[PDB]
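Visitor: Structure provided below as structure tokens; questions to follow.
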Amino acid sequence: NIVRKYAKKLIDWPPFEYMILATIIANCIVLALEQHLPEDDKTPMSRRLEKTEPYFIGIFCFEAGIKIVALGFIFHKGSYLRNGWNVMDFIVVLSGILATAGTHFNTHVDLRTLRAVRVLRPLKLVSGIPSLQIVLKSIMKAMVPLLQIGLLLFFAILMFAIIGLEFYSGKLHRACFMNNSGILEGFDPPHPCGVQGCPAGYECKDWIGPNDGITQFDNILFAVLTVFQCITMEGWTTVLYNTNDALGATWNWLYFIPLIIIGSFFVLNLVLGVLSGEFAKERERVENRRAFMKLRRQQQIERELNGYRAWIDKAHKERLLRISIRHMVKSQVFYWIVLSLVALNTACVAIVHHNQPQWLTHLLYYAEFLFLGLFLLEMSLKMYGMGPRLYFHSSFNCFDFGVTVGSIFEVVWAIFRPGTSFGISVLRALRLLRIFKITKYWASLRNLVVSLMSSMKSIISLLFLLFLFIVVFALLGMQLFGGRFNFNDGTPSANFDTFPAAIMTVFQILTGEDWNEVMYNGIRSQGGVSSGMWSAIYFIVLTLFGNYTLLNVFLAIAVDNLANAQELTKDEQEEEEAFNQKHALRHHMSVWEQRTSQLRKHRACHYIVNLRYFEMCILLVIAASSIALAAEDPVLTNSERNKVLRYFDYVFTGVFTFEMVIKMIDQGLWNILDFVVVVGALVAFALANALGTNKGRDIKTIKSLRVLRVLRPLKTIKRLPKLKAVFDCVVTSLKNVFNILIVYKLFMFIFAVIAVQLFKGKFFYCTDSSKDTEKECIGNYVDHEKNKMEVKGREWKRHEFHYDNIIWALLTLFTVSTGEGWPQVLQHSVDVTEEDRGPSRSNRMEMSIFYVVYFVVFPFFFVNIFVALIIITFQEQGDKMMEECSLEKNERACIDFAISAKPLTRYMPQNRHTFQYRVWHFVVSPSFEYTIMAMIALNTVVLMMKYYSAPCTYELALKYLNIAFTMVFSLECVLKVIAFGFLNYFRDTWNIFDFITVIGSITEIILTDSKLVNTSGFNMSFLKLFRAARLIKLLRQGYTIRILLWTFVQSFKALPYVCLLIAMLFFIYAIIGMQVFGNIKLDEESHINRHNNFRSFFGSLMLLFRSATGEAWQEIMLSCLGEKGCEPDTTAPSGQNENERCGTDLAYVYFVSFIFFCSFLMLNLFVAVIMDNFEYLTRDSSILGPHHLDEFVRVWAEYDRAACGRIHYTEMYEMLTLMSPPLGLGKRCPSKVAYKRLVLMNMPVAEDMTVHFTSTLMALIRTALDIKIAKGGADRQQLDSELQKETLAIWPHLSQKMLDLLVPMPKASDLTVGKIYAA
Ligand SMILES: CC(C)CCC[C@@H](C)[C@H]1CC[C@H]2[C@@H]3CC=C4C[C@@H](OC(=O)CCC(=O)O)CC[C@]4(C)[C@H]3CC[C@]12C
Ligand SMILES: CC(C)CCC[C@@H](C)[C@H]1CC[C@H]2[C@@H]3CC=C4C[C@@H](OC(=O)CCC(=O)O)CC[C@]4(C)[C@H]3CC[C@]12C
Ligand SMILES: CC(C)CCC[C@@H](C)[C@H]1CC[C@H]2[C@@H]3CC=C4C[C@@H](OC(=O)CCC(=O)O)CC[C@]4(C)[C@H]3CC[C@]12C
Ligand SMILES: CC(C)CCC[C@@H](C)[C@H]1CC[C@H]2[C@@H]3CC=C4C[C@@H](OC(=O)CCC(=O)O)CC[C@]4(C)[C@H]3CC[C@]12C
Ligand SMILES: CC(C)CCC[C@@H](C)[C@H]1CC[C@H]2[C@@H]3CC=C4C[C@@H](OC(=O)CCC(=O)O)CC[C@]4(C)[C@H]3CC[C@]12C
Ligand SMILES: CC(C)CCC[C@@H](C)[C@H]1CC[C@H]2[C@@H]3CC=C4C[C@@H](OC(=O)CCC(=O)O)CC[C@]4(C)[C@H]3CC[C@]12C
Ligand SMILES: CC(C)CCC[C@@H](C)[C@H]1CC[C@H]2[C@@H]3CC=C4C[C@@H](OC(=O)CCC(=O)O)CC[C@]4(C)[C@H]3CC[C@]12C
Ligand SMILES: CC(C)CCC[C@@H](C)[C@H]1CC[C@H]2[C@@H]3CC=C4C[C@@H](OC(=O)CCC(=O)O)CC[C@]4(C)[C@H]3CC[C@]12C
Ligand SMILES: CC(C)CCC[C@@H](C)[C@H]1CC[C@H]2[C@@H]3CC=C4C[C@@H](OC(=O)CCC(=O)O)CC[C@]4(C)[C@H]3CC[C@]12C
Ligand SMILES: CC1(C)O[C@@H]2[C@@H](CO[C@@]3(COS(N)(=O)=O)OC(C)(C)O[C@@H]23)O1
Ligand SMILES: CCCCCCCCCCCCCCCC
Ligand SMILES: CCCCCCCCCCCCCCCC
Ligand SMILES: CCCCCCCCCCCCCCCC
Ligand SMILES: [Ca+2]
């Protein structure tokens, strides 16, 4: 079976690989055409197609046959299966052979599980095109570092699930149903019970869980799914509200806020940091520097070539008029005429709206033709007037020709199909980007476009892989859930029946927004909270490996193509401003640039205002005034508190004016903020004290000039010199991303204009689904669908987020960008028919293309462009210390913790008595520590084995297992105190943690039993935490999770003001919200509920956090708008029927801005952390950081136990000849290579020919990193003098005892431990 003379290996060749490539495309089309019907039903077309599967199976088994006979199978090394892709090729064809062997046995096996392998057939495209595999491998290569955030993530999910199991395990099963015996009612958002009982006339009956039983903490598997849902931030507030109802709203915020902060924000920070480190380390590989230099050289060629092409300045009608054309048609007044007339074109097509006055329709009708013809003329004048042959040589010239032909297309197609007019003539607004040519920002952007246009075969071949995996997951979802979504309510819009509706729900699940509800449908599809929950695993493996592989793809693209355009533009100013300006006669280098370059290298009276207690005693008043803002009651206008705080308002404005006046005295004429606040306070006080009446509706005047008070916290920014510095960092980041913010705004405007042309006037609907016009939608109608059959009135409405004016298009596209509620906008956009006609379900299903090209551009591409610009260009915060430690920088400087790490164990009993070497022995030499890690790994299981409604003995089984594990752990505790000593035990920061946990568990076991009455107004539940903290003991045996956590928490401790700006943002907006929307009448039908309201400071803080985490903020914005009801206020006799205006239309500004500020101020806090640890995140095995450097302590303590000496020299080559080679020799290099390393290390001697600890430490450090070392002689000592000067320059706190130790001064006369075996 090794028969040579194959003759089939020559058939694996040019043509029979381009036929397999076509059979696969045909097969993918066939799998696309299929439609899945609910119960054994089949469309005629699907029966038609089911008669092609044998053809494809035949061709694929033929491929297996020819490849197998022309190669080996397994035993041959280069055989068939030894390829990685051929094994899955073979599995797919195997299942093709098997699944078509059903009729023979009538499928008595009842597989229902083998044609689901067919969905892997699209991946055979990757197998057939290696140009796609070598992109896929690169992508999968960038995600290997992530498999420690995942373990960090799954730990957090587990740690918060255990806790959930303790606290909400069975407490979500009673709901408040209307008494109404027989027909129980309940709410539409069901209201749970607890000791918090039913409100008015409802009774507390049984209930399956919240989402038909799916969103509860019953098992551990139900808790690690609810908590995974909350971490993805989808519907985490519904869970928070359920547990608030079911238990009481006082402690639940402690579980769900740190679950979102730790699990959802901190994990984004880790993932961004890890990926950015990986991108810095991957841009410098040789095969990537090579392909970048190939781009920089070609940019040099073109840059000089255009300058040379400027030297072509040559000075009957073939030359008589065609000389003046090309003159004028390139003059600087012509560019400006064209660019000031395209700016009229894009203002003409941006004023179209719905119901535009009938004169505008005709005026703009003439305008399209006028401008189109004018651009035809001033395009031909470039083509017939300068030459078609050399016409396509400018990029935007090709682009303008394309837009002109497209506009001609649009005119014709509007003529022959009136209606849809998607109007590609706003694309000419792209020419406005040419305006940048007149600024200094042209290079930064032309280089970006050059770096994008070069790397386009690798962006397309990468979007194509995203598309293949979406197709595979769409077909898999069709298999699992195809036609099973026909519920008795009606099939949802997020189907899996047909292909265009499976693609657009896999797209939701990737963009991860409302994957919640799709998963609930896909669970009740296959059963319920029952046999059906095994399919919560398609929506987890697609909302994880999608929310993360799509930020590693779109961040790789945007960091690569933007670090390229930053290094391309650093080599213009480094030539045109540093080469010619010299030969024709650091320096603000960001953190990323530094790191990647390092990798590639491998009146008189008042002036006594100043009292040391004036600029610090006004700060206290600012703080007290800010806090007093928080305690206003928004609703009870004339309560006790509001009067007390009004007197405080007098006090505070008095202080602020008495200091503003003296400041203006000493300063004459950030302070404008002080001025505005004091002027507003004075004006409000004056015109409220004076009359208050006799001016039209001027209660709101004082109410609105008291919103200016919220600026009082802002006054601190100038006072605190470091808060001011962080604020300025935020502003300079905003200025960095401002040439791209404008390109973003321009592209978003173009999409908004297109969306207005496409959906204007079409977002209307009658409240009665049968009528579909404003003429018909009048009267009353019986509503059966509420299942109450009640007579309502027909109203003709718009949808709330429509696209009938460019302002409304911009707002409802911003809503799509933030992600919230875009599935509903897509649902409205497909169900669209004609102007002023009502919807028709899943009509015009192609308007979903607009909503994927949108996502590929704005939420995926530009947002990652912004993250990458802020990462790449981030300046070190404080660097004004002699050019940033000119000679010893991050890795050099920080590796000098040799001033530390002197100590060693010092824990051995050193008594050799009994217990001294008995217990402290037993403890060491694992036969005890392994057995105790086993008890940790089993106590982690008895915490996962809680569940609700257990049999009985299982419950006691758990109690006694807990007792046994607590007994073993308390034996841990008092078996190391007496083995390590009382003082030594409480000093390792993990022993005290274990002690706290064992004490907590012991007291829990005591308290839950008798001999202490469980009264005196105190609750014992929190002690369960001490039992669930034992799972943290699994983290101790980490050291790769622990290093990340320590590294990223340290850099949170070094930015105490970056997360004070976010607290101040939240404070300012919470106070504004309380003032403005504080007295909206709560309505459970709206989103100003009893849960979600601005009624209190902490309620508004929760509302703002809910919105920041992107949780239906759009509907809070809509339910805060004008004309809403109002609270009774129970303190006034007037304004009962009136002041039915207690909303406001500033909600749009209030929520569109916060979402832009909180999403920006968080980005900074992310980058400010990432760039803090950029040395850890770009650490490498080649390049030393402290990561390798602590191994030296281990090898020292074990192999030497020197204690400042006690080495002589044997320990040296007893050290270096074994341990890993970032420090030098290593095991495989005990040769003359080691000899020539040692001859570079030279350092003095001691009593027994010995040396010091840290002297050797610097010896290894400098001999590896090359930190100021010569080849010998007094040369190395003068270099050492330089090094000593540098060390004193960094650290003055080193005494000459320790300093001389670090600069051991090996004079030439004094022989070394290095020049002993050398000579
Ligand atoms: C220079 C370019 C890029 C921007 C120019 C701005 C316009 C595109 C914006 C500015 C304000 C907008 C207007 C703001 C308010 C309205 C009223 C509103 O129409 C109605 O009141 C409906 C009933 C009616 O037409 O009488 C929506 C269209 C319109 C004119 C908007 C159309 C688009 C306008 C003119
Ligand atoms: C949380 C505190 C310690 C932060 C620092 C600010 C405090 C020094 C002061 C500044 C203004 C003070 C407030 C000014 C006025 C009032 C009204 C005063 O009267 C009532 O509300 C009594 C109502 C009742 O009897 O129930 C109660 C304290 C309170 C809220 C004060 C609480 C303490 C505040 C916030
Ligand atoms: C400004 C930069 C980002 C250029 C990229 C934008 C355009 C290339 C995109 C924006 C939205 C897209 C459009 C949005 C949705 C549709 C509707 C879809 O259905 C139709 O309108 C045609 C059939 C019909 O409805 O009669 C056809 C593709 C089209 C025009 C899309 C084609 C590509 C468009 C114009
Ligand atoms: C019985 C199990 C299935 C219940 C749940 C606990 C597990 C997650 C246990 C099973 C065995 C345990 C492991 C047994 C031995 C080791 C080796 C050791 O791993 C190290 O990182 C060692 C130090 C190093 O080499 O850096 C200590 C942790 C670990 C992985 C243990 C971690 C916890 C594990 C994986
Ligand atoms: C890595 C390994 C060790 C996973 C850990 C296994 C156990 C710690 C977990 C995983 C599966 C869990 C089980 C999944 C489902 C069920 C069925 C369910 O029991 C019922 O019949 C409940 C009925 C009801 O609640 O009305 C809840 C307990 C139990 C056995 C769970 C108990 C805890 C189990 C065994
Ligand atoms: C070593 C630690 C970390 C885990 C040990 C797990 C198993 C060895 C044991 C411990 C408790 C046992 C459970 C204790 C009680 C019950 C209830 C029992 O059902 C009854 O109602 C009991 C009827 C009877 O026997 O009288 C069925 C077995 C079961 C689930 C046992 C199954 C086996 C379990 C899980
Ligand atoms: C019971 C199942 C369902 C989950 C149990 C909890 C896991 C999330 C925990 C238990 C043990 C933990 C592991 C214990 C030890 C290690 C080895 C450790 O690896 C290293 O640090 C590499 C060695 C080195 O470089 O020092 C860190 C990850 C890991 C797998 C830990 C990851 C998190 C684990 C798997
Ligand atoms: C559920 C998760 C998110 C919380 C777990 C707590 C961690 C944030 C903290 C708690 C205790 C910390 C540990 C406490 C002490 C040390 C020793 C310390 O060691 C070093 O400085 C480096 C090694 C050396 O040079 O000796 C810093 C890492 C480590 C393991 C810390 C790592 C980060 C830990 C695990
Ligand atoms: C990244 C972090 C460390 C920066 C600083 C914190 C901020 C992100 C802010 C914004 C959201 C704030 C939280 C928003 C919501 C709440 C609930 C709020 O709840 C209550 O006081 C009562 C219960 C209820 O909310 O109904 C208490 C403040 C708190 C935790 C806030 C604490 C401070 C937070 C986390
Ligand atoms: C680490 C980093 C930034 O991401 C990798 C890898 C090599 O370059 C990538 C970047 O994507 S692209 N098409 O803009 O070149 O291109 C591919 C080949 C897709 O892989 C990309 O660089
Ligand atoms: C040796 C190079 C190839 C590495 C092994 C094959 C990888 C590709 C096959 C598996 C792809 C994922 C299949 C599961 C569904 C997404
Ligand atoms: C030679 C062209 C000069 C262009 C100057 C402005 C460029 C602005 C950045 C363009 C980014 C395009 C991204 C489009 C969406 C994928
Ligand atoms: C990623 C690109 C594909 C996007 C798929 C969704 C749009 C599908 C457009 C064609 C819709 C045809 C509907 C036929 C009847 C269901
Ligand atoms: Ca959401």
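Visitor: Using the Kirkwood formula over every pair of different C-alpha atoms, what hydrodynamic radius in Å results for the range 926-1073? Each step should come with its number before you reach the end.
Guide: Numbers: mean 1/r = 0.0536 Å⁻¹.
Taking the inverse mean of 1/r over all distinct Cα pairs, the range 926-1073 comes out at 18.6 Å.
Visitor: Shifting gears a bit: Expressed as a whole percent, how much of the Cα-Cα distance distribution for the range 465-566 exceeds 17 Å?
Guide: 53 percent
Visitor: Another one. What number in nm² do you get for the range 766-853 if you take the convex hull of its Cα atoms and divide its surface by four? It would help to have the intermediate numbers written out before the result.
Guide: Working: hull surface 26.5 nm².
The Cα convex hull of the range 766-853, projected and averaged over all directions, gives 6.6 nm².
Visitor: May I ask you to list the GluC sites (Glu not before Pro) in the range 26-121 that are in a DSSP loop and have at most 12 other Cβ atoms within 10 Å of their Cβ? The partial results should precede the final answer.
Guide: Numbers: sites: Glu34, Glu39, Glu50, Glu63; in loops: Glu34, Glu39, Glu50.
Here the sparse-neighbourhood loop sites are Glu39, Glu50.
Visitor: Residue farthest toward the positive end of the dipole of the range 187-316, with Cβ of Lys/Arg at +1 and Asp/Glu at -1: which of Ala223, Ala291, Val267?
Guide: Comparing the listed Cα positions along the dipole, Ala291 ranks first.
Visitor: P(r) for the range 307-437: what percent of alpha-carbon pairs falls in each 5 Å bin, starting at zero?
Guide: Here the calculated profile for the range 307-437 is 2, 8, 16, 21, 18, 13, 9, 6, 4, 2, 1, 0.
Visitor: Quick check on the range 866-961: what are the equivalent-ellipsoid semi-axes from the Cα gyration tensor, as sqrt(5λ), descending, whole Å? Intermediate results must be reported in sequence, preceding the final value.
Guide: Values: eigenvalues 490, 221, 14 Å².
That gives 50, 33, 8 Å for the three semi-axes.
Visitor: Using the Kirkwood radius built from alpha carbon pairs, what does the Stokes-Einstein equation give as D for the range 1073-1161 at 4 °C and 1.567 mPa s, in µm² per second?
Guide: Numbers: Rh = 13.3 Å.
The calculation lands on 97 µm²/s.
Visitor: Using bins 10 angstrom wide from zero, how does P(r) for the range 1255-1319 break down, in % of all Cα pairs?
Guide: For the range 1255-1319, the pair-distance distribution reads 19, 57, 22, 2.
Visitor: Can you give the convex hull volume of the alpha carbon atoms of the range 537-683 per residue, in Å³?
Guide: Working: hull volume 51.0 nm³, N = 147.
Convex hull of Cα atoms, per residue: 347 Å³.
Visitor: Taking a ≥ b ≥ c as the square roots of the eigenvalues of the Cα gyration tensor of the range 927-980, is the shape rounded (a/c under 1.5), prolate (a/b larger than b/c) or oblate? Walk me through the intermediate numbers first.
Guide: On the way: a/c = 3.92, a/b = 2.42, b/c = 1.62.
Here the range 927-980 falls in the prolate category.
Visitor: According to the Cα gyration tensor, what semi-axes, each the square root of 5 times an eigenvalue, does the equivalent ellipsoid of the range 909-1002 have, listed from largest to smallest in whole Å?
Guide: On the way: eigenvalues 198, 37, 21 Å².
The equivalent ellipsoid of the range 909-1002 has semi-axes of 31, 14, 10 Å.
Visitor: Just round it to a whole percent: the fraction of Cα-Cα distances in the range 434-524 exceeding 23 Å.
Guide: On the way: 1890 of 4095 pairs.
Pairs farther apart than 23 Å: 46 percent.
Visitor: Distance from the Cα centre of the range 1038-1107 to that of the range 865-939, in angstrom?
Guide: First find each Cα centre; the distance between them is then 34 Å.
Visitor: Continuing with the same structure: Quick check for me: using +1 on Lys/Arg Cβ and -1 on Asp/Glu Cβ, what's the dipole size of the range 439-518 about its Cα centre, in debye to the nearest 20? Could the numbers behind the result be given before it?
Guide: Values: 4 positive and 5 negative charges, 133 e Å.
In debye, rounded to 20, the range 439-518 gives about 640.
Visitor: Once you charge only the Cβ atoms, +1 for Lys and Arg and -1 for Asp and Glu, what is the size of the charge dipole of the chain about its Cα centre, to the nearest 20 debye? Mind showing how you got there, number by number?
Guide: Details: 130 positive and 115 negative charges, 780 e Å.
Its charge dipole is roughly 3740 debye.
Visitor: Given the pairs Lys786/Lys1124; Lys137/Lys281; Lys330/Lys382; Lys762/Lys797; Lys601/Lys1236; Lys946/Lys1033, which are separated by over 21 angstrom at their Cα positions? Display every interim value, and only then the final one.
Guide: Working: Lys786/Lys1124 24 Å; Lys137/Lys281 17 Å; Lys330/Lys382 9 Å; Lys762/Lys797 11 Å; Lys601/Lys1236 23 Å; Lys946/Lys1033 19 Å.
Correct reply: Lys786/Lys1124; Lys601/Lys1236.
Visitor: With viscosity set to 1.567 mPa s at 4 °C, what whole-number translational diffusion coefficient in µm²/s follows for the range 1164-1254 from Stokes-Einstein and a Kirkwood radius over Cα pairs?
Guide: Diffusion coefficient, whole number: 85 µm²/s.
Visitor: Next question, about the same structure. Per residue, how big is the convex hull of the range 956-1037 when only Cα atoms are used? Give it in Å³.
Guide: Details: hull volume 10.0 nm³, N = 82.
Cα convex hull per residue, to the nearest whole number: 122 Å³.
Visitor: Right, here's the next one. Which three extents, in whole angstrom, do the alpha-carbon atoms of the range 102-166 cover along their principal axes, largest first?
Guide: Extents along the principal axes, in whole Å: 53, 43, 10.
Visitor: How would you rank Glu884, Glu1214, going from fewest to most other Cβ atoms within 10 Å of each one's own Cβ? Could you put the intermediate results ahead of the total?
Guide: Values: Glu884 16, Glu1214 13.
Exposure proxy ranking, most exposed first: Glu1214, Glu884.
Visitor: I want to verify the translational diffusion coefficient of the range 850-901 in µm²/s; compute it with Stokes-Einstein, Rh as the Kirkwood radius over Cα pairs, at 20 °C and 1.002 mPa s.
Guide: Details: Rh = 14.7 Å.
Translational D for this selection: 146 µm²/s.
Visitor: Rg/Rh for the range 161-275: what does it come to with C-alpha atoms and Rh from Kirkwood?
Guide: Numbers: Rg = 15.9 Å, Rh = 15.0 Å.
A ratio of 1.06.
Visitor: Based on the alpha-carbon gyration tensor of the range 121-201 and its eigenvalue square roots a ≥ b ≥ c, which shape applies: rounded if a/c is under 1.5, prolate if not and a/b is larger than b/c, or oblate?
Guide: Numbers: a/c = 6.17, a/b = 2.38, b/c = 2.59.
Because a/c hits 1.5 or more and a/b fails to exceed b/c, the range 121-201 counts as oblate.
Visitor: Can you tell me the Rg and the Dmax, both Å, for the Cα atoms in the range 1-125?
Guide: 16.5, 53
Visitor: Now for a different question. Which of the peptides 1252-1261, 354-363, 292-301 is most tightly packed, and how do the rest follow, going by the mean number of other Cβ atoms within 10 Å of each residue? Walk me through the intermediate numbers first.
Guide: Values: 1252-1261: 21.5, 354-363: 11.7, 292-301: 13.2.
For the peptides 1252-1261, 354-363, 292-301, the packing ranking is 1252-1261, 292-301, 354-363.
Visitor: To continue, here is another question. So if I restrict to the alpha-carbon atoms in the chain, what is the Rg, and what is Dmax, the biggest pairwise distance, in Å?
Guide: Computed over the Cα atoms of the chain, radius of gyration and Dmax are 36.5, 118 Å.
Visitor: Next up: What do you get for Rg/Rh of the range 365-449 when both radii come from the Cα atoms and Rh is the Kirkwood radius? Write out the running numbers ahead of the final one.
Guide: On the way: Rg = 15.2 Å, Rh = 14.6 Å.
Over the Cα atoms of the range 365-449, Rg/Rh equals 1.04.
Visitor: Same structure, new question: Pick out, from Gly981, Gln910, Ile932, the residue whose Cα sits farthest towards the positive end of the charge dipole of the range 904-991, with +1 on the Cβ of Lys and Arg and -1 on the Cβ of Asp and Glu.
Guide: So the residue we want is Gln910.
Visitor: Name the residue farthest towards the positive end of the dipole of the range 1057-1130 from the options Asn1093, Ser1119, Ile1062, assuming +1 on Cβ of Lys and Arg, -1 on Cβ of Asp and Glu, about the Cα centre.
Guide: Of the candidates, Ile1062 comes out farthest on the positive side.
Visitor: As a test of understanding, state the convex hull volume per residue of the range 54-140 from its alpha carbons, in Å³. Don't jump to the answer; show the numbers that get you there.
Guide: Working: hull volume 10.7 nm³, N = 87.
Dividing the Cα hull volume of the range 54-140 by its residue count gives 123 Å³.
Visitor: What is the log10 of I(q)/I(0) for the range 814-862, computed with the Debye formula using one identical point scatterer on each Cα and no solvent, at q = 0.24 Å⁻¹?
Guide: Computed log10 I(q)/I(0) values: -0.87.
Visitor: Normalising by the residue count of the range 1077-1200, find the relative contact order in percent from Cα pairs under 8 Å and 6+ residues apart.
Guide: On the way: 100 pairs, mean separation 25.5, N = 124.
Once normalised by length, the contact order is 21 percent.
Visitor: Expressed in nm², what is the orientationally averaged projection area of the convex hull enclosing the Cα positions of the range 797-898? Write out the running numbers ahead of the final one.
Guide: Details: hull surface 44.4 nm².
Directional mean of the projected Cα hull area for the range 797-898 stands at 11.1 nm².
Visitor: OK, next. Within 10 Å, count the other beta carbons around each residue, average over each peptide in 419-427, 1136-1144, and list them highest first. Spell out each step's value before the answer.
Guide: Details: 419-427: 17.2, 1136-1144: 14.0.
Packing order, densest peptide first, comes out as 419-427, 1136-1144.
Visitor: Cα convex hull of the range 1037-1109: mean projected area in nm², to one decimal?
Guide: Value for the range 1037-1109: 7.0 nm².
Visitor: Here is a further query. Quick check on the range 648-699: take the gyration tensor over C-alpha atoms, sort the square-rooted eigenvalues as a ≥ b ≥ c, and tell me if it's rounded (a/c under 1.5), prolate or oblate. Kindly include the intermediate steps, with their values, before the conclusion.
Guide: Numbers: a/c = 3.00, a/b = 2.20, b/c = 1.37.
The shape class here is prolate.
Visitor: Can you check how the C-alpha radius of gyration of the range 251-373 compares to 2.2 N^0.38 Å, as a plain ratio?
Guide: Values: Rg = 28.8 Å, N = 123, 2.2 N^0.38 = 13.7 Å.
Computed over Cα atoms of the range 251-373, the ratio equals 2.10.
Visitor: Something else: May I ask for the percentage of alpha-carbon pairs in the range 1099-1146 that lie more than 12 Å from each other? It would help to have the intermediate numbers written out before the result.
Guide: On the way: 768 of 1128 pairs.
In whole percent, the share of Cα-Cα pairs in the range 1099-1146 beyond 12 Å is 68.
Positions of Cβ are generated from backbone atoms using ideal geometry, with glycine treated the same way; all protein chains shown enter the neighbour counts. A short reminder: the numbers here are calculations on the coordinates, not readings from a lab.
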